[PDB]
Every structure is written in C-alpha cells, then in structure tokens.
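**Student:**
Protein chains: 2
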Amino acid sequence: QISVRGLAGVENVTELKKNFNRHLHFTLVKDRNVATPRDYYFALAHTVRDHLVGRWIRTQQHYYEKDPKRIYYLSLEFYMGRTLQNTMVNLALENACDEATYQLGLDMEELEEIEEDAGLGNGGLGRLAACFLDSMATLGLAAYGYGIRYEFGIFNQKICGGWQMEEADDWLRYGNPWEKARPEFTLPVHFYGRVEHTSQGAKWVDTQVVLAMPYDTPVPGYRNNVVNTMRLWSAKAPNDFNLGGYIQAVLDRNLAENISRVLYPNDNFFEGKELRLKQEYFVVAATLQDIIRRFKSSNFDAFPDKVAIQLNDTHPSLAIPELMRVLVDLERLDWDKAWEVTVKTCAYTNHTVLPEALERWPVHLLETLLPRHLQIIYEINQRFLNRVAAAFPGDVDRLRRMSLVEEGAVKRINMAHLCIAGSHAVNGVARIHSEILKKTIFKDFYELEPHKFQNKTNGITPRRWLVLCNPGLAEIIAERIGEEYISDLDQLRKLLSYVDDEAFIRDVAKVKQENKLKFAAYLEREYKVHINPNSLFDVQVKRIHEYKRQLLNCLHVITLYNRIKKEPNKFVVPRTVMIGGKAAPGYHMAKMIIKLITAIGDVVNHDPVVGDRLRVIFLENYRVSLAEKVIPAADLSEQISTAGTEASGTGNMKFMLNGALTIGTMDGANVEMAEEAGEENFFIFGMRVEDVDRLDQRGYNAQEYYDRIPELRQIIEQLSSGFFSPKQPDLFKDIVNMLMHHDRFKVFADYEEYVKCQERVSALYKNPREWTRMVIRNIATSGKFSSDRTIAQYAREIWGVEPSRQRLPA
Amino acid sequence: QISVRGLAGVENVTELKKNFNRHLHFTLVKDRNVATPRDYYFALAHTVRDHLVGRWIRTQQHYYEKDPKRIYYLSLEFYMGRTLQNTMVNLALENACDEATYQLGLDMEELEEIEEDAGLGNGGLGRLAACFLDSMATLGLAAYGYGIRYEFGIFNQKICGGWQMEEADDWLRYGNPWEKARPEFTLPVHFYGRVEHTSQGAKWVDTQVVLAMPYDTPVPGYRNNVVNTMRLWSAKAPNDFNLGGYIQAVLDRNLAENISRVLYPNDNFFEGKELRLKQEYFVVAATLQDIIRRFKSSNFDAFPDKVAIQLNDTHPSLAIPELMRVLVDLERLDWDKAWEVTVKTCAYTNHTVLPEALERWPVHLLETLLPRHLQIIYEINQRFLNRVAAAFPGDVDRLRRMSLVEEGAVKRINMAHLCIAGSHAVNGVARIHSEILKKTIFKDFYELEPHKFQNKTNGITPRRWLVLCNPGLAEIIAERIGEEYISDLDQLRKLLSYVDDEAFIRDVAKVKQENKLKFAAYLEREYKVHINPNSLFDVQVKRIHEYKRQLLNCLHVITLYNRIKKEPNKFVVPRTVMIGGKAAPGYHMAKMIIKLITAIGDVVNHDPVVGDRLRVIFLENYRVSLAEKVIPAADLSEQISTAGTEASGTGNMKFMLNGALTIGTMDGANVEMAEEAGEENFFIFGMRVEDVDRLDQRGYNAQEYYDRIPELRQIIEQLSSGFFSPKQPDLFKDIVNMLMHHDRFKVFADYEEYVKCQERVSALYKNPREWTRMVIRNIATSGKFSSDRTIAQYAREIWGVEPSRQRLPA
Ligand SMILES: O=C(CCCc1ccc2c(c1)CCCC2)N[C@@H]1O[C@H](CO)[C@@H](O)[C@H](O)[C@H]1O
Ligand SMILES: O=C(CCCc1ccc2c(c1)CCCC2)N[C@@H]1O[C@H](CO)[C@@H](O)[C@H](O)[C@H]1O
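Right under this line is the structure:
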C-alpha cells in the first residue's frame, strides 16, 4: 500500500504464504479448521523469524573473522515491547507479509495485537537500552546487550473503583518465539562463602552456586543485514542442590531460581533488598565470564582494545570489583595492572539526581553475600582516597565527602562513587543534567578528574517511533524528501522548505486527524470510552511520580472545569485530557494521584453543562505498545517536571517526532528541543533551575500562593471539602497536606505561569493552519534526537570505535 | 543393514538429509562448524517428529468424524523412556535415518544416547502404562493417556562409597522436542473452600484455584499410521494469585505450581502427604473436564457408551466422587442416575496386596482439602452399606470390614473399597494375584458382586522390548518366520519347529554372545568395570524392596564365594552377578541392601584366588534406557520374590522374550510363564503360596534354619563379625537382626532350595547346545505376554470396544 513499507514481489509473497502454512502444520500442529488468531500470529512470527537466522549466523561469524572491538551494554532492564512489526520493518518485509496474509484471508494488524510486550523495564531507562540496541545494530557496531530474563516483567495495571490494582505479567505463558535457549553456555555464579588468605593470594571458598543459563534474542539493524544479540540470563539450581526430606530438597530449588523471577517496579526509589543485590551480581558475574571467554578465544594489556563495558546506571556497578576479582585472584595480575585495565574498559552513565534513587548498599549485606567484593571495594577506596589526599592536602572534609564508604548509623557503599573511581568516562544524559552533575553532586570528582566527565544527550529510534507507529506521517515525508532520513534523521531539516506549502500543511494535518480517529475508536472498542475527536488531545504519559507533576496537570484540569461552570455559555477550545502511567506498588502518594485523576473524571465527564467541551481520561496499563498508539494521536505533549529533576526525558522526543507541540519547563532535554526548534515554536513556562535554587534559599512557603491566587484557593477548598469524593469527604487530605506543607516539587510556584501558557496553547489551536505550521517546524528540527546520533557519540568519544552504515551481504 | 529396520529409499534418504539441515539451521540456529552432538540429536528428533504430525492431525480428525467410544487411561505415572528410536521403529524409518545420518558423517547410535529418559514413573506400574499406550495405538483404539507432567521424574542414582546418593532428574533442561504445549486448553482446578447448601443443591465455594495447562505427546502405533495422544497436566498459578508485598506475592506463585514439580519415589509405601493428594486431585479434576467437554462436542444416559475410564490403581480414585460431583452438583442429575453412569464408566485395576501400599487417606485431610468430595464419599458409603445389610442381614462384622470409612485412632477412607463400589469391573494383573484378591483381601466384595471381578494378565510391548532393544534377535527370527509376529506375538510358536535346527541354534547363541560383548564394553567405557564375557550373566534388576529378596541373591553369591575359598582348585561355572535398582530415599533397609551388595563386590572382585570365576557388580541408575541394554545381554533372570507378594512382574517377561532362562518362585506371572514354556524349561524353586500360609500358621522361626544349615550359619557369622566391613564391623547388624528376628519375607526358608536350583542352572550352562535349546523353547512360548494380548482383553471384556489392525491412510 505505502512505499516505506517495502516491495510485495510475486516470488516473495508466494514463499511467505507457503512457509506460513508449513509452520501452522509442522510447528504449531494445527490445521485451518481449528486454528485461532493466536495460532495465526505464531505461524507469522515463526515465518518472519526464519528470515532473521541466516543473517544472525553470518553476522556473528563475521565478528569472529574480523575480531572488532566488542561493546557490552550491561543493563538490568530492556523494555523491548513487541518484536514482530519491528522485525518486518528492519528487514523490509512489511508489505510482503501484509499481502501474503491478506491472500490467506487474514488481517495482519489484528495478528500483531496478539503479541505480548516484552515489558522487562520500568520506563525511560529500560526503553533507552532498547532504542540503543536498535541503533547499535543499525550502525554496524559489534554490540551485545546483557541482562536478566525476568519471568515476570512490569505488572499489568487494572483500575478498580478508580484505584490501581496490580497483576502479574505472565508474558511467557504462550511461549516466546524470538528467543533461543542456549543451555550449552550455562555458567556458574557464586554467593555467600568466605575469604581464605593463602601464600598464593586470596581464595573465595564455601560458596553457594547458582547457574546462569543464557537465552539469545536477535536484534536486527535497519536494512543492513546486521543481526546483533541480546543475551538474557535465567537462574537455575544445580542438580545436587540441597542434595521428605528428598521432596523438600527438590521443592527448595525455587530459592535459587527466584533470582530471575520478577522485575522490581519501584523505579527512582532505592531499597536495600537482598534479592535485588543478588540480581545485580548474577547479571554481572555471568556476563563477565562470557566476555573473558570470548576475548580468550581469539595477555590482558590488549583487553581494553577489544572490550568496552557500558554500565547503565549503577545497577551493574559490581562489574568493577568483579573484573578486579577475576584479574587479581584468578588470572594473577598485580593490582595496579588490573586496575588500569578495569578503568580503561568501564564507563558509567548516570540517569538521576534524586537522592532517594542513588544506590547505597549496607555494608552488612555485602559482607554476607559478597565478602571478597567488599574487601576489593575497601582497597579501591583506600587507594582512591590516597590520590585525593595528595591532590588536596589537608582537606579532610573532601575526604569524607568523596569516600566510597559512607559512615553513619549503618555503614553504606556509595555505588555512584565506585563507578566514577573505576571508569574512564562518566556521562549524563542531557546537557543541563551533565552540567548539574559537575556543579553539584559530583563536583568533588569533577575537580579531581575533569577529563572523565561528558554529556551524551539521549535519543529515540526513528524506526519504532516513527516508521512503525506512524506510517502515514513517514510516507508523506518520504514523498517529499525520499527514504534516507529513516537512518539519517537530520535530513528532516529539508522539511523547513515546505512550511509554506499548502499541500504539505494539509497532509500533515490529515495524518494527525486519521491518527486521532483511529485512537478514539480504539478507546471505544477496548474500554467503552467515548471521546470527541475534534478536541485538542492533551496527553501526559509517563510513570507517576511527584517530580513529574501529574498534580500540576490536575490543577489545570480543575481550573478549566471551574471556569466553564462559572461562564457556561462562553466558548472554550474543547479538550480531551489524557493522563496515563503506572505507580510503584508501595508508593502511596502515587496511588492517591491516580485516584484523584479518576475522581476528577467522574465529576467532569458526567456534568451536563460541560458537554463534550472537556473530558478527562485515565489511560490504563501504559506500556510500549500503548505508547505506539497514543503518541501519534497527540496534539499537546505535557513535559512539566520541576526544573532540575528530569535528567533528560525521552517521551518528550517521541511526541516531537510525531507532530505534537510541547508544553514544558526548561528541564532535561526540553532545553535542547526548544533550542533546536526555536523557543517561539515551543510552549515554555515556569521556574528555571536558578529560580528553584533562589526559592530554596528563601524557603518555599506554599501558603503564600494559596493566599494570593483565588482560583487556586477554590481548588484546594474543593479537594478538602469532598467535592471530588462526596461519600468519603476526607479522601484527598494527604494530597492537600503535602501540597500545603511538604511539597518538594513546588507545584503551586508554577501554577500561574502554567495556566497562562495553556491559554496560549488554546489560542493557537483555534488557528489550524498556524498550529500545523508550528508542528512542521518541530518535526523538521527533531533530527538531533535520533538515538543514531547518540550512539555515534558514545562510539567515537567513549568506546573508540567507528560506526558504519555499510550493508553486510545477503 | 537388517530387514526389520525397513527400507532406505533414495528419495527418502535425500529428503531426510535436507530436512535435517533445515532444522539445524532454522530451528537450532547453528551451522556445522559449531554444532555439538547434542545439536545433531535435536536436528534428527525434529526431523523425525515432522513425520508424526500429519498422521497425528488426521488420526484426531478421524476420531472426530467417526465418534468411536473413547478410552481414558488415568495414571499418576508414565515411564516412557526415550522416544527417538521408538518413533523410528513404529514409522518404519530406522534404516533410512541410519543411511541419511551416515551420509552426513554422523553415527545415529551415538546421537540416540544423548536423549534423556522421560522417567515419569517408579517401576512396573509406570512402565505398564507406557506399554499399554503403545499397544492401544497399535490396535487402533481411540485411547488417551492422562497424567501429570512432572518437572522432576525419578531421581538419578549415584553410588558414593557404596551408598546410594540421589540427585534431581532435570530431564527438561535442554527442552523436550516431542511435547506440544496447549495453553489454549488450560482448565481451572479447585482446592479448599467450603460447602453451602441452597434450595437448589450443594455449592462448593471460597476455593483456591490452580490452573492445569496441558502438554500433548504423540503415541505412534506400529506401522498403521495411528497416532494417539498422551496429555500431561502442568500446574500454573492464576495471574491475580495472592494479588514487598507485591514481590513476595509473585514469588509465592511457586506454592501453586509445586503440584507438578516432582514424582514421589516411595513406591509400595503409602504416606498421607497433602501434596500427593493435591497431585491426585489435580490430574482427576482437569482430566474429567476435558472428557466431558469432548463428550458434549459431538443427555448423560449415553455417557458410558462413549466413555471408558480406567483407573491405574487407586491413585486416580477421586475420579469416582468427582464424576458424581459434576453430574449431581453442576449438571443436576439425580443421585441414582449419576451413580449408574459413574459405575458403568469406571473400572479399577489393582496392582498390590502389601498392606502398607494401600491408600488410606486421613479424613481430616479430605475434610480440609476437598470438603464436597468427603460428603459424597460418606453418601456413597451409606448407600453401599445398605446394600450389604440387605444381602447379609445381621452380619455386623461384614459391615465394618466392607466400610469405605475405617474407624480408629484416625479415621481413614479406604480408596480400594471406594474403587470397588464405584466400578463395573475390578481386575488383578496375573491369574494367581486375581485369585488372591477374591480369596483374601476383597473376599467380602467378591461375595457381594462376583461379576465385577476379572483377571487381565500383564504384558510388555514387543516393539520396545524386542525390535528396538534386540534387533539381532528380531532379525534371525524374521528370517525364518517373517515379520508379522511383531504385531502378533503368538506367531513365535512357529519357532518350536526350529528347536533341532543346527543353524538356528548357532544363530540364537551368536546373537546372545554379541549382546554380551556389547554390554561388557559399555561397562568398561562408562564405568571402568571389567567383566569376563564368557561367564554366565546372572541378572536381577528391579526396584530394591525386601519382598523382591535381593538379599536371597546376596546369600547365594556369598555361598559361591565361600565354596571357592574352601576348594579353590575345583572347577566352577564362571558367573557375573549383576544386581541393579533404585531404593526409595527414606527406606533405610533398602539403602543398607545396596551397601551390602557393593561391600560383597569389594571383597569378591579383588580376591586373587577367585580370579575371573566370580564378579559381583551393582548396576548404577537402573532405568528404562539401561534395561534396554542389560536385558538382551542376560543369561539368567532372577525372579525370586516370596510367593504371594509380586502381583505380576513385567521384567520377568522382558527377559523371557530376549533369550534368558528364568530362576524363580511360583509367584505372579512366573506361574503363567512356566505354564506356557513347560515347567521342565523353567528353574522353579521354593515355597508355593500354600506353603507360606502353613509356615505363618505355625510361626516362622528363622533360628531353626540357622541351626540346621552350616553354610547359612557361616554367612551370618561373616556378616555379624565384620568380614564384609572391616573398618566398621557392626555395619550390617540391622540386616542380621531383621533376618534372624523380623523377616516378613522368609529369606532363610527358601535358601536351601534356591542354592540347589542354582546348581542345576550351572550344570545346564556347561552344555551350550542344550542351554540354547531350552532358550528357544522360552522365546517360542513368550507370545501370551505381549501387551497387545492384554489390551485386546481389556477392550473386549471391560471397555466394550473391538480392536483393529487396519491401517489409516498415509
Ligand atoms: O530511570 C531513571 C533512574 C533509575 C532509578 C532507579 C533507582 C532505583 C531502582 C530502580 C531505578 C529500579 C527498581 C529498583 C530500584 N532515570 C531516567 O533515565 C531516563 C533515560 O536516561 C531519563 O530520560 C529520565 O529523565 C530519568 O528519570
Ligand atoms: O507398583 C505397584 C503398586 C503401586 C504402589 C504404590 C503405593 C504407594 C505409592 C506409590 C506406589 C507411588 C509413590 C506414592 C505412594 N505394583 C506393581 O505393578 C506392576 C504392574 O502391574 C506389577 O507387575 C508388580 O508386580 C506390582 O508390584
């Protein structure tokens, strides 16, 4: 149908049809008489998978022949979403499979909906790793993603009586056709035990063993025949494990295998839980043995020339002392040489500044679980602090600030300090964030080793986040400027010369309208929800956290409602306000915020005076597959975190690429987005980082704002008095209390500017032609935010490898 | 190479080779450069599996079209062993696959050794179910085997310092290419809760739910294109199960899923464990929903015309009250009509007379776990006892003897009594056993309902137990009498006319010699054990139990040793005595017996005066795949249980078919074997059942035998004094104590007759020609012991269906 979806050749369509029937018969053991749509999905997935394997085998053979420097991206999260469509896109098979399935009497889009998300992440950090894998393959890098194969990913969210309920995400129930188990590369991982000192060095003995079994998933590059590997480890008990009586010993194997059972959902809130530490060591120990094995199958002086390890936050930070352990205790390198190799091999990416998100492990846990690692960490600390002392003599305060060991009630190890000490590069994820790291929380480290500190502004893959989710937009762009922009997104700048083209303006607006109709219908179908598709689609989707300020959005929604009720016969631009996202199960305030949003909906959506002028919908179970639907449909993207709190953001970039305008604070990557598009083409409001600092110096007093802004006072009185919870009038008292007395994120301080900025949005939306022209200026300048640009920068400035756009042969 | 292995056509060999390469590439994702022998095994298994699926689909379609009466064989155990060779045999593919793999530079026999046993049983009962499935498919019956997919089957046995050690049988580690998961036919199973009585009947409410997910394995008939199904259930937690905190709730899913984790290994010893009861109900509840679903997809008056349920012992006895529950509580049939349907549907096979093997569940367990079933069982009991009272008025003792409820310290339900009450047929498994049931333990029931009681003498499948394991013997037989005997084993009688044929005599003896050389070499290869292949191979393999009297064998071994030491320069027929089998992990006496056997080996095998005249070897990890190797190599089969204790035996039949002579008591099927071959062609010794009864009446006094038999006294003095355990002189005191004071199985009473009979064996073995002639007379009369004969009898006399030997079309 559309050109960017590739060719449907007679030969290709014929071959796909016959391979589909082969799999249905031999693989699934069904015939057309009893087959369900799920059977048909699986037959298609196996058919597409067959096209990967030749390229997969020869890519890995190629790396063996050429022996390039290998990049190892270590992460506890890979938020991959669905794989079928992505694979078809990257292999140029979409139109062919569409034709083939159509000729079999099947609708491919219906089959696509059957696949489960691989929801092995919480949000931005996990999704970044997934975008990165796609870009690394597209740029021809010899890259491997390493993580954990969780049996249960991020929970499925149900809303019952306006409250979040969690259920287990049993994503593997029907099988996963994309992975290949590799039980033959199973490796042992050690826990507990004790350290013995011999004449011939230290020995870690009397350990418990858990096995790490790998599962490999292919990662196809865009139309270059490169297929890289994501290797995820699964925990297995050894067969003599624990070996009445006999029965209980077999049942107790679950203790070991629980390591890979479930993803922790409490993102941005560190807890010192033993099981989480076991997960972190498990991925690190198995991965490093795999790395060393592959390196030997070609003297460790050359190790950093052949290996780069990228740490996705501190979660895999134990790689540093584990590499030292292996080099010193097993390979018998002297300490100094091992440390040189380690530093040159490892690099660390920081993704947070909130103090409660930093990993600070109690020493007593490390002592029991990983006694040799604690010893190595103490030794690293002593040598590092000796360097600090020599560079800043007499500065005893600096010594305690920079220590890897935190003194206090409970002694803790600061894993961020360990990563900085043990890495040759440390980066933040947007310019403002990287500057904040050097000026505040890692100031001391920057003063000691300025050369370590870099910026790598985040990005998103334009394959999933434009071609896959918004083919209509991809097509009208390709009509004007060709197809090359899909792997060179800076070419979108060429669209500036169409900002006054009447045909293009109409097509851009038509594509948005079609997306909005499609989404409005999805809403009715799957959730009996009933929206006006002519309204402005005002969308805030991301995890629920106080710093992200879903509450500020709520205050605006109630302001609009109150204004309508005050002057009901006045014209207002109609809106559909959609808020979505998961709350961490133990985060009470986040759970109350979800309840508030649904409670506002209950009042607003049933008030006959409002009509269809305002609707408030909570988008249930926000995840990658839902993002692919709602983002192309959005008019307005809400990026309204308190300045200094969102390290980068990546949802922001997805909305920009798909034709929404942005209302946002000067936080994270919003700053660079506004800089690229022009501030006149962005709806910027609120305190800058400098203003937040000034307020903190004086002291934030929320009462001052309540006293001076009558519209705000009205809302607080409504919340307090039970207007939004008539049967339980005190329901939202915790929210009101926090807002008035303990608000770390200064919701009231940006309220007035936010409401005024929202008025300017509504004014522009009344003039469709000028709205759309501003959209074109956003899409056209979104090129910097391709993860291909990001990865090219990691490759040249951190890993020391050159990207390539050249095809491997088919 | 050999004719019974089928044709190696050019077209077939070419197609197999290309499909093998296809699977290696696309299925396994390997190439010839990195492939291991395990990869090659899997490529072959997938290639052979492809040949099953067409026949599997069309067999099941055929049953849907014709709607024949369906046979459901319910068992907690299916001891299947390996599947690759069996599949090749039944599909006539063995020579073709041999040729194909040879042309690829691979040895097929080496690849066969890589497959794990499906060890989902303990011994005879589990293996009988497997032989039965093979015969039911071969006889064209619409039969389904239903059981539990244990994650861990019978433990792997290691011997360390002469002691049994257990390790988990992780048989699914590398995957199982034969099974097909069917998550779409998942069914709920209920536990706990309570019963509510409404006006509209009883209701079972407030239950915990566990899901039963089926996995289907194909069961091919012999060269008839029938492929039946074995459906095994796996336990899964529902996704809201139990739904910090959140993490613990996800980890606690293991509680539910433990139901299918592990096979209980304590055969012949009943324990009232809750988990075992859960397993029993799980298989019954899921299976019966499946049965009813299939019946409706065509009024319950016709249910027994379309359904037969065979209970493999009492382990699935809850089928009776579950069927009543469904018919009465859910389908709203009146009690009497439901009971009529149930009785006509169900039939029960008894496999034991030892009292400690009978299932007698504490009422308090049923009360908590299955409260509605207990109510139904009480109601069944009251109505049954009312019939007993009317037939035998005033006989109050009979009422308490026949009750399903056993009064005492703890009240118990006798599941055997429940099965007899609720079944239209009850059978034993050999003539003597079925007679014992009517005369002793079920005498009262036989007097009430004589028509229910039948015999069905056990059998073994001649596919696995001759063609597969002993192709050399199968071939020399086929040369004389053709191939038809493989599915009509009575044709072996034709071999009687070759008992004086010099060519045949030589070939029979040559085949045995080759088998013995092959096994002697397997022993050296895999266990550094070093045997004389000219010796008589004297073999006792079966689970270790006091009733089976491995101890009697031990006493003979020590007698032979002592006789040699007494007259070392006298000639004796050389022997290799092999004993093998697993002991239940908590059965102390069985564990001591294994230790005694290895301890005797330690002395005998290193005594220079003995030389190679006597060797004693303990065969480690006895299982189906090992039976297939040792049985074809055996000269003498030890079947020496105390008369009245072995219900049938089936190992006995395997040895007879493969050219070993039998030394045995008149117990179980030995009686019928001797009757078929002629007592003159069997080595029968010892007390008959009647003699054991006479001894019990007088009182068994072991001291009497010790006092009168000097050779026996010598052995007991050697055991007691530490001759076989010099560093631990009191090691075997428990054994000596049991033998002298508490021997339920009268080992001493058969000692003298056993030793004398063994002398007659040695005399015959000195005359190879006459030994071999007696062998031919055994092989020639083994036809009755085909499980095809057994199943034909179940079909006609219990299930009411006619067997068929007719092909389905290919
Ligand atoms: O997600 C994170 C920080 C990870 C924090 C964290 C802390 C503790 C725990 C988790 C995650 C996961 C569960 C266990 C405990 N940062 C986000 O990274 C995105 C990609 O760089 C960035 O766009 C977001 O601004 C930043 O909040
Ligand atoms: O295996 C059995 C009885 C099953 C007894 C039993 C009792 C309790 C438990 C089990 C088995 C399995 C573990 C849980 C507790 N009988 C054998 O059946 C063979 C096939 O009919 C027959 O040849 C053997 O003589 C008979 O001992």
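If you read the protein sequences in the order shown, they are chains A and A'. A prime marks a further copy of an entry chain. What the first sequence shows, in PDB author numbering, is residues 12 to 254, 260 to 314, 325 to 836, in sequence order. What the second sequence shows, in PDB author numbering, is residues 12 to 254, 260 to 314, 325 to 836, in sequence order. All C-beta atoms, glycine included, are put in the ideal place defined by N, C-alpha and C.
Is any beta-carbon of chain A' found at less than 9 Å from that of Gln72 (chain A)?
**Tutor:** Taking the first sequence and counting its residues from 1, one reaches residue 72 (chain A) at position 61. True, the Cβ-Cβ gap to chain A' drops below 9 Å.
**Student:** Exposed or buried, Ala435 (chain A'), counting other C-beta atoms within 10 Å across all chains shown (16 or more means buried)?
**Tutor:** To locate residue 435 (chain A'), count along the second sequence from 1; it is residue 409. Counting Cβ neighbours within 10 Å, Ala435 (chain A') comes out exposed, since fewer than 16 surround it.
**Student:** Would you check whether ligand 2 has a heavy atom nearer than 8 Å to the C-beta of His377 (chain A')?
**Tutor:** For the purposes of this step, residue 377 (chain A') is identified with residue 351 of the second sequence, where counting begins at 1. Result yes, Cβ under 8 Å from ligand 2.
**Student:** Which one or two residues does DSSP pair with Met604 (chain A) in a beta bridge?
**Tutor:** Counting from one through the first sequence, the residue named residue 604 (chain A) turns up at place 578. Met604 (chain A) pairs with A:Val565, A:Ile643.
**Student:** Would you call the segment 666-680 of chain A in contact with the segment 454-473 of chain A, where contact means no fewer than 3 C-beta pairs closer than 8 Å?
**Tutor:** Segments in contact, yes.
**Student:** For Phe37 (chain A), return the contacting residues in chain A', with the cut-off set at a CB-CB distance below 8 Å.
**Tutor:** Here residue 37 (chain A) refers to the residue found at position 26 when the first sequence is read from its first residue. Here the neighbours are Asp61, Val64.
**Student:** Taking the CB atoms as reference points, tell me whether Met91 (chain A) and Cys108 (chain A) lie closer together than 9 Å.
**Tutor:** Taking the first sequence and counting its residues from 1, the one referred to as residue 91 (chain A) is at position 80. Taking the first sequence and counting its residues from 1, the one referred to as residue 108 (chain A) is at position 97. Not a contact, by the Cβ cut-off of 9 Å.
**Student:** Does the Cβ of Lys538 (chain A) have 16 or more other Cβ atoms within 10 Å, making it buried, or fewer, making it exposed?
**Tutor:** Counting from 1 along the first sequence, the entry for residue 538 (chain A) is found at position 512. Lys538 (chain A) comes out buried.
**Student:** Between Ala301 (chain A) and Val200 (chain A), which are expected to be in contact by the criterion C-beta below 8 Å, what is the C-beta distance as a whole number of angstroms?
**Tutor:** Indexing the first sequence from 1 puts residue 301 (chain A) at position 285. Indexing the first sequence from 1 puts residue 200 (chain A) at position 189. The Cβ separation is near 5 Å, so the contact holds.
**Student:** Using alpha carbons as the reference points, say which of A:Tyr587, A:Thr466, A:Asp180, A:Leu254 lies closest to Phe749 (chain A).
**Tutor:** Position 723 of the first sequence, counted from the start, is the residue given in the question as residue 749 (chain A). The candidate whose alpha carbon is nearest that of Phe749 (chain A) is A:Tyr587.
**Student:** I think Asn453 (chain A) touches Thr378 (chain A), with their Cβ atoms under 8 Å apart; what is that distance to the nearest whole Å?
**Tutor:** Taking the first residue of the first sequence as position 1, residue 453 (chain A) is located at position 427. Taking the first residue of the first sequence as position 1, residue 378 (chain A) is located at position 352. Not a contact, Cβ separation roughly 13 Å.
**Student:** I need the straight-line Cα distance from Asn270 (chain A) to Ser245 (chain A), nearest angstrom please.
**Tutor:** Here the question's residue 270 (chain A) lines up with position 254 in the first sequence. Here the question's residue 245 (chain A) lines up with position 234 in the first sequence. Approximately 12 Å, taken between the alpha carbons.
**Student:** Assuming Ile82 (chain A) is part of the beta strand (DSSP E), what are its boundary residues?
**Tutor:** As a working mapping, residue 82 (chain A) is identified with position 71 in the first sequence. Here the beta strand (DSSP E) through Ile82 (chain A) covers 81-85.
**Student:** Reducing DSSP to helix, strand and coil, say where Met119 (chain A) ends up.
**Tutor:** What you label residue 119 (chain A) is simply residue 108 of the first sequence in a count that begins at 1. The answer is helix: DSSP assigns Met119 (chain A) an H, G or I state.
**Student:** Roughly how many whole angstroms lie between the Cα atoms of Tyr780 (chain A) and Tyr472 (chain A)?
**Tutor:** Here residue 780 (chain A) refers to the residue found at position 754 when the first sequence is read from its first residue. Here residue 472 (chain A) refers to the residue found at position 446 when the first sequence is read from its first residue. Cα to Cα, the separation comes out at about 36 Å.
**Student:** Keeping to the same chain, check which residues put their C-beta closer than 8 Å to that of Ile742 (chain A); ignore five residues upstream and five downstream.
**Tutor:** If you number the first sequence from 1, residue 742 (chain A) lands on position 716. Same-chain partners within the cutoff: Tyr732, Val762, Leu765, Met766.
**Student:** Kindly say whether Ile263 (chain A'), judged by its beta-carbon, lies nearer than 9 Å to any beta-carbon of chain A.
**Tutor:** Position 247 of the second sequence, counting from 1, holds the residue named residue 263 (chain A'). Chain A, which has a Cβ nearer than 9 Å to the Cβ of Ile263 (chain A'), makes this yes.
**Student:** If you follow the alpha helix (DSSP H) that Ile335 (chain A') is in, where does it begin and where does it stop?
**Tutor:** For this step, residue 335 (chain A') is matched to residue 309 along the second sequence. Where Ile335 (chain A') is concerned, there is no enclosing alpha helix (DSSP H), although the beta strand (DSSP E) it sits in stretches over 333-338.
**Student:** Taking the alpha helix (DSSP H) that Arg351 (chain A) belongs to, which residues open and close that run?
**Tutor:** Position 325 of the first sequence, counted from the first residue, corresponds to residue 351 (chain A). Note, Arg351 (chain A): alpha helix (DSSP H), 345-351.
**Student:** Closer than 8 Å to a non-hydrogen atom of ligand 1 - does that hold for the CB of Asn440 (chain A)?
**Tutor:** Stepping through the first sequence from its first residue, residue 440 (chain A) is reached at position 414. Flag unset: Cβ of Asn440 (chain A) not near ligand 1.
**Student:** Listing by chain order, which chain A residues have their CB less than 7 Å from the CB of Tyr185 (chain A')?
**Tutor:** Walking along the second sequence from the start, residue 185 (chain A') turns up at place 174. Going along chain A in sequence order, the residues near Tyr185 (chain A') (Cβ under 7 Å) are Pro194.
**Student:** Output yes if chain A' places a C-beta closer than 9 Å to the C-beta of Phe143 (chain A); else output no.
**Tutor:** To locate residue 143 (chain A), count along the first sequence from 1; it is residue 132. No, no contact with chain A'.
**Student:** Counting only Cβ-Cβ distances shorter than 8 Å, please list the residues of the segment 145-170 of chain A' near chain A, keeping chain order.
**Tutor:** Residues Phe163, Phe166, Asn167.
**Student:** On the DSSP bridge assignment, give the partners of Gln480 (chain A') in chain order.
**Tutor:** Your numbering for residue 480 (chain A') matches position 454 in the second sequence. Paired residues: A':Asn453.
**Student:** Using CA atoms only, rank isn't needed, just tell me which of A':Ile570, A':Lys782, A':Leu622 is closest to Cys580 (chain A').
**Tutor:** Reading the second sequence from its first residue, position 554 is the one you call residue 580 (chain A'). It is A':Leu622.
**Student:** Assign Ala272 (chain A') to one of two classes, buried (16 or more other C-beta atoms within 10 Å of its C-beta) or exposed (fewer than that).
**Tutor:** On the second sequence, position 256 is the one that residue 272 (chain A') refers to. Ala272 (chain A') comes out buried.
**Student:** Give the range of the alpha helix (DSSP H) segment to which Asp722 (chain A) is assigned.
**Tutor:** For the purposes of this step, residue 722 (chain A) is taken as the residue at position 696 of the first sequence. Here the alpha helix (DSSP H) through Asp722 (chain A) covers 715-724.
**Student:** I need the boundaries of the alpha helix (DSSP H) containing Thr688 (chain A), first residue and last residue.
**Tutor:** As a position in the first sequence, residue 688 (chain A) is number 662, starting the count at 1. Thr688 (chain A) -> not in any alpha helix (DSSP H); beta strand (DSSP E) instead, spanning 687-690.
**Student:** Cβ-heavy atom distance between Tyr84 (chain A') and ligand 2 below 8 Å?
**Tutor:** As a first step, residue 84 (chain A') is located in the second sequence; it is residue number 73 there, counting from the start. No, Cβ of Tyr84 (chain A') sits at least 8 Å from all heavy atoms of ligand 2.
**Student:** Provide the residue span of the alpha helix (DSSP H) that contains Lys621 (chain A), from first to last.
**Tutor:** Stepping through the first sequence from its first residue, residue 621 (chain A) is reached at position 595. Where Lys621 (chain A) is concerned, the enclosing alpha helix (DSSP H) stretches over 614-630.
**Student:** Determine which residues of the segment 605-626 of chain A have a Cβ less than 7 Å from any Cβ of chain A', and write them out in chain order.
**Tutor:** Cβ contacts with chain A' come from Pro611, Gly612.
**Student:** Output the distance between the C-alpha atoms of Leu652 (chain A') and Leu139 (chain A'), rounded to the nearest integer angstrom.
**Tutor:** In the second sequence, counting from the first residue as 1, residue 652 (chain A') sits at position 626. In the second sequence, counting from the first residue as 1, residue 139 (chain A') sits at position 128. Cα to Cα, the separation comes out at about 17 Å.
**Student:** Checking 9 Å against the spacing of the C-beta atoms, do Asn30 (chain A) and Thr58 (chain A) come in under that value?
**Tutor:** One-based indexing of the first sequence puts residue 30 (chain A) at position 19. One-based indexing of the first sequence puts residue 58 (chain A) at position 47. In this structure, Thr58 (chain A) lies closer than 9 Å to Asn30 (chain A) by Cβ.
**Student:** Compare the Cα-Cα distances from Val603 (chain A') to each of A':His571, A':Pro611, A':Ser561, A':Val635 and report the closest residue.
**Tutor:** Along the second sequence, read from residue 1 onward, the residue named residue 603 (chain A') stands at position 577. It is A':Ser561 whose Cα lies nearest to the Cα of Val603 (chain A').
**Student:** Can you check whether the CB of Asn97 (chain A) is closer than 9 Å to the CB of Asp145 (chain A)?
**Tutor:** Counting from one through the first sequence, the residue named residue 145 (chain A) turns up at place 134. Counting from one through the first sequence, the residue named residue 97 (chain A) turns up at place 86. Cβ atoms of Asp145 (chain A) and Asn97 (chain A): closer than 9 Å.
**Student:** Considering only the alpha carbon of each residue, which of A':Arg292, A':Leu337, A':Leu293 lies closest to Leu304 (chain A')?
**Tutor:** For the purposes of this step, residue 304 (chain A') is taken as residue 288 along the second sequence, with counting starting at 1. Answer by Cα proximity: A':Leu337.
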